[PDB]
Every structure is written in structure tokens, then in C-alpha cells.
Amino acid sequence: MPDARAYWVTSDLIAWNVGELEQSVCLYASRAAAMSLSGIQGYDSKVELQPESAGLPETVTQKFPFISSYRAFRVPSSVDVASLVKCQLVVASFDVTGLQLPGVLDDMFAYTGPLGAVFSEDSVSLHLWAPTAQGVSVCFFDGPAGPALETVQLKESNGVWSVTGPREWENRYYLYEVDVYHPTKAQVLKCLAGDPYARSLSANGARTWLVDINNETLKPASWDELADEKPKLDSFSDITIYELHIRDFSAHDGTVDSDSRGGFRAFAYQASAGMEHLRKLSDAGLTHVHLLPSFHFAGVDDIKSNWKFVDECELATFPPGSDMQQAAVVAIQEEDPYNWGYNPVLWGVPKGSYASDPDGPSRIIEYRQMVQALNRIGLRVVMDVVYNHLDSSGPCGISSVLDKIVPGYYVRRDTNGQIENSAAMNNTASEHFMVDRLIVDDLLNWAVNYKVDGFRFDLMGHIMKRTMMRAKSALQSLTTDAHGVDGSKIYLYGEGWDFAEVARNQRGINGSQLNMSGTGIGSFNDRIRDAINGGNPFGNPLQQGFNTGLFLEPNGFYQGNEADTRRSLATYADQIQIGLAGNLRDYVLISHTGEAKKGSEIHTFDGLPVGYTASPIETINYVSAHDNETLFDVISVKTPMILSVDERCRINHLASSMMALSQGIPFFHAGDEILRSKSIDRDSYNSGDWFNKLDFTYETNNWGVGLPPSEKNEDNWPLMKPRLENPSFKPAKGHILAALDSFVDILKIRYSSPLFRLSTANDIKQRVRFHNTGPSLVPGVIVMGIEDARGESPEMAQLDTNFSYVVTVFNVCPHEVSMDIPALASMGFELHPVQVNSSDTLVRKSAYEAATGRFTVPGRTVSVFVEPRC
């Protein structure tokens, strides 16, 4: 983008950071974009701006904090602002620079009326917001491939272009022809653009399909009664999440027909191994499946005849630590069917590559059939929404839509006018009114038109808090009577990471972890993640954590002396325990020094509070996700090499059990339960089906299938190779099935007692106690007690009709421990019936001794004890 260091913030105010003396500022305009530097030449009009020593007003400095110190310049009322914003514009001092227009575009043209296509009994109308455009027409087509049918002009009213046609316009395909000034090219360009409000598209979004989303033929059988069939959700506190990629789910599933693998239709195969797997988890108590991006994204061709694949039989013959597998994958990675999909083009349309036919209605109906089928096996559906950036910007290319139409508006820019890229590329600006509008409108589209049950917000910290809250309110007020869905059950969460240009609320109060405290919107708890696994996404891969052998089982990487590692372990245990108690600001823990500390008073990187939430439903507790190494892989990297796979399997279980028995909302990565490996790939977004294999035959976990792709992994290839080559690292089917069995059981334990899912911070503060704390704590053990009403005259409600007390012991030590808790002596504790009947013979040996309150727990085991009310 070229130089644009001034801002047109309101109809009558311009902001520019020039010095006092620099009283001679003028605004130049050229409709045909013909200006040059002399003194400016080739302008239609020149107007002097009167300086404003009142400074920028409250509303401007609140909306754009980062420019709050800029000098304000008054635009004379003689200026025709509507005409000027359609021109090439510069201001000059006596230094020349362009103008960033979003402030004035919102001030004058913020619009709440219909956008996209509106269907009435006798007509179809199209509406497009494009206040800077000099002209807008619509080019129609009869079909996704054929020649032009006709072009119709749209007429502008207050920034919005519209036209109304007959009802027979329905099912045509179309594009907008938009004449608009593009700063990056310094020309008025005729751009061919899709509809931001599209509901369907031809292959690759080349054309927009003028479809009526309410048409009966787009509805699966019994679609309108899906609300009645949706699984009950009594509380957000009952949520558990399973994070799954649509292609991963069925790409390798032989029980699905070959022509129907990798997409929406695969979820209709109820008897498939994959759907039987999800049924098993759902039956054990899992409530939500979070699907990776499933809207129209770039990086996968919708046209299946262009898809390329590796020779799977050849690659199977290569050695487990060879670099040849990744070479073959990388050779086709730009042309294969695979991508996570974090490359947004149009948010409101199902991804064509996941449909049976990317032209016509299959993408709509099949998406609905997917939601319906998941709901029918007891699972609510969460969509991974990516509102923080766009795949592309500018006037050219199939993958640029929003920035084609209103350049420099939907995207966030720096103080020189260059597009911000911290999210990946082409960061959006939800701080702008129509971006905020599009985000909320899209969410309501998915909630109402596809009956989606929740949303995970990618880089929520890059979205304005006001956008998140307005969305939350709109979604949760939807009703079955008015909209066909119970909005009160719709749950929102996201990545509240706080970095780059949105840090320190520089663009407004953003959706960071700290800012979302007290909003009821979940965010990923990175503190528990890193405390359990060790290190961080950017640190040394060998840095150990609570569950990967820090102090207890050192791996040979130097991490201080024995006192240092013991202290680091205890510090991590503090952070874990705050997390296990819902990661609350106000929860009081006896810290490892002996000092009682609130969750907010225990600090992490940059002195920030470990516990930052106001409620447990604000905490998404996780140790694994699609990003970074899988749970199996991180454990395989960090633990001592000499551990057996049997031992590491127990360690995998410990990690997922800490999540499954935590207060707040547990989050599991698809494959946690079956030891899923990516052969240590840290960023597998483009590593294809080969490295992302989800094997529901349970014969393999995909460990030892070659070094992962060099671009993101080569620096760590030396640590990976000997591990991938070592046959003792690889689990067999027996291990995989045992991992699944123990995962199902811990879910069952979570849902066996309301005490694991307390709904408020007050409840957690009153009921949750940790019993192995302080400087003399027993290393490698966490003891978590949860109290219910007991005796006559209780100080709390009775939440659990079966149990009056629950105690969980997480023992990561490679030996049995005996934990004496005198305060829990002389009580009726016994092993949880699920564990009494476990297929794992070791956990059955767990015991309680009444006289001393001793809980005896085997090595590498989580033991749950309950006090029956009988």
C-alpha cells in the first residue's frame, strides 16, 4: 500500500501528525486519479483545512486510540464529502500523503439495511455496501461455467448500491462489476467481485449463486424439527470439546465409500468406524465437536479432478526417519485436497471441496446433513470461525473479495497505510462498523441457516471486545419460535492471544484473555497447557514440565540443578492447580512457597496473572490442539528416551485426565484418545493426509512415517530422527485401544458427578481444595478434593445425590505414592466404581485408609475416590 499517514475520521475532521507550523494544510481530490507531485498537479479541487486546537474529540480517540495525539483539521462544510471519498485523495503540508477513510466512511455511511440477496414472492433484490465506488453493476450468468447473460446497473443511495429484478433471477450466478479507486495501484479499477453476503458459490467462488437459502429442497428430511432432536445442554459448565478436521475424519476410513471420503457426506455414514468412534465418545459424555474451518477458504481447489496424491504404497516402504516421505508430500502440497483452512475468502458459504459437487446445492444440503447427523448421535457442533484476517487483498484474483470492493476498509492498516499482517496476512479491522456487522451477520447465518451450536474464534485477541459481546448477545437471544434454534445454548470461546498492533488496547479494547474476563466467553488456558507439557511453543523442545518428567525423570537437557528443577516443578504445579480450579482470579491457593495466593497473584510471562477469569465457563483447559505437536508427540519428545511406550501411554492418559477432571471446560484434540501422532510435525496445516492420518481401524497411530516437512521442522530433525527410528517408541493396536478405553472411562467419571463441573467461582472457592501444597509438598502429586453438602445443617447446597465428597489424586511419579490427608481421615472414601471395574489393572489397586486418611496411588496413575451417601 502507498503512503497514507493522514486519517479522515469524521465528515468534518481530518487527523494528521504534523508539527505546529506545518497552518497550511490543503486537501486535494482527483476523481480520475490523475495527481502528481510538482505543489500538487492534476487535481479536480483544492481546499484549505482549518486547524483545530480543540484536538480530536472523545468519540474519535476512543475509536482510534493509536492516533489520539494527532492534530485535528476541520473540513469546510462546502466540501462534498460523498463525492470526495470516491476520489484519489491527498493532503499536503508546507510533505504529501494519502488519507485512510474508515472513520469517515462509518460516520457517514454506516448501514443496517439489507445486504446480499433478498427474496420476495415476486422479486429478487441485490444490495452491496460500497461507498467509495464510482459505479456498481451486476453481471449475471446462466450456470457456473457458461457465458454472460446480461449486465444490470445498480443505483446508489447513501453508499449502498441496489437493484431489484423479477423472481426468475433466482438460481442465476453473478458477480459485481465495481469501479473503485485502489490505493495499492493508484488507479480507478474495474474489479470483478463476489458478494460478501454470499450464501453459495460455484467452484472456487468464481461466481456467486443467487440461491434462496430458505428453499425447501435445500432442507434435509426433518430439518425444521432439528431443535427437538438436539442433545440437551443444561449448562455451559457441562461442555466438553473435541477438535476435529473434516478431511482428517474420513480421508483414510475404508468403511466410507471411496467417492465420499474427506467431506461433509462422510458424517452421514453412521455405521462407519469414524462415526462409531464419535458415538462412543458421545455416549461416554462428550458434548461438542469443534470442526476446523468449513467456510469458503483458499488453499484447496474445489474441483476434485485437480487433486493430487502421494503414492501411499511407495511411501509405506520408506524408513521411519527418512526425509523422503515429506519430500513427496511437499511436491504435491499446493495441489492436494488438504489444508486446515485458516485462509478466509467468504465466511458465509460452506467449503466446496468438502461437498460432493461444488456447483449447485450439494454444499448447503450436505453441510446441514452433517450437523443433523452429529446432533443425532448426541453431539453439538462448533464451527472454527476465522474473522481476524483474509487470505488475500487488493483488486486482483479470485481469492480477494472484501478488499476488492471497498479497498483499505475491511483490512487493518498501520500508521503509514500499509496493511497489517500479524494474524498471518491481511488482518481485518473489526473496529470498523461494517466489518463488525459482517462478522455478527455471518454468525447468525451459521446459527440460523445451519443450526450450528457454538463458535471457536481464531485469534479472538485481534477482534474487538465490542464485536464479541454484540455477537454473543445476538446469538444467545435467538429462539426456536422465531428462528428455529435455541440461542441460549450457543457457546462462544476463542484464542485470546494478545500481541502485535492490538496489544495494550491500541486499536480499542480487544478480545484478549484479560479483557474477556467477566464476559462468559471462553479462552484457551495456555498456562495449564505449558505447565503440564513443559516449555512453550517457542522454547527449546526438550524443556520438561509437570507431566513430562521435570525433576522426577530428567531427560539430560540442562534445566538448572536439582533444587532448580524441583522448584520449577512446584511452580508448574501451582499453575496447574489454579487451572484445575477454573483458572480464576480470586481462587486462593497455598502456593509452593507456603504463601497463600489468589490465582491473579501467581504470575507468568510478563508478570501477567495465571488465573484471569471471573467464571469457570471462561476457561478452556487444554494440553493439545491442531496447532503445535500432538499430545503423544510432545510426550515422546520431552520424556527420557529410555521410557517404554507403555509408560508413555500412561503419561498420555494423565494429561487428558487432568483436562477431563478439571473445573472449567475441557478441550481435547481429536486423537488424544488414540495416541495420535503426526511424526512430530509442529505445524501440519499443509502436511497432507500422510502426516495428519486419523486411523479409526486403530492399527496405527501414525508415529514413524518419516521426518515431518522441512519448512517448519528441519531445525528439529536431529532430535526427531533417532526417536522416529526407534521401534520401542511406536505403539501397537493394543496400546491404542487401551488409551481409548481409559479416555472413555475418565469422561464417564467427569459426568458421574456434578462436583467436577461447578457452575460459579463462588462454588469453586467454597468446595475445591488442594491438599499437597507448600515448600515441603510431595513432588509430582496433585491432590484435589471437592466437597458437597453433608451432615445435618449444611453450609452449602447438595449438588450430588450419590456422593458427598470426591478426591482425585494425579500421580505423575514412576512409583506408588501414599498421600496422608488427616482432614480427610475417618470418612467413607472408596475407589470410583468406574475405576474399580477398569480394564487397567493398575488403577484398581488404588486404596484409602480411614485411620490416617491415606490415599495410596500407583505410579503414573490418576485415582478418583468418592464418599458414597450410603
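Start at 1 and count along the sequence shown; that's the residue number.
Across the other PDB entries of this protein whose models span the neighbouring residues, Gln559 goes unmodelled in a third or more. Missing-residue comparison: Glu849 falls in the unmodelled set for none of the other PDB entries checked, so it is not missing from a third of them. Missing deposited residues between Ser53 and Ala54: none, as the chain runs unbroken there.
Per the record, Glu22 and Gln23 are separated by 1 to 3 deposited residues that have no coordinates. In this crystal structure, the stretch out of 118-126 and 246-254 whose C-alpha atoms carry the higher mean B factor is 118-126.
Stretches 681-689 and 554-562 differ in mean C-alpha B factor, with the higher average recorded for 554-562. Among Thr760, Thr519, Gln153, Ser235, the highest C-alpha B-factor recorded in the PDB entry belongs to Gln153. Per the deposited record, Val47 carries the highest C-alpha B-factor of all listed residues (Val47, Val807, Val817, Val836). In the PDB entry, a CA B factor belonging to the highest third of its chain's modelled residues is recorded for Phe318. In this PDB entry, the Cα temperature factor of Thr861 sits in the bottom third of its chain's modelled residues, the lowest group. Compared with the other modelled residues of the chain, the Cα B-factor recorded for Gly165 ranks in the highest third. Ranked by Cα temperature factor within the chain, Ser473 sits in the middle third according to the deposited record. Sorting the modelled residues of the chain by their CA temperature factor places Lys63 in the highest third.
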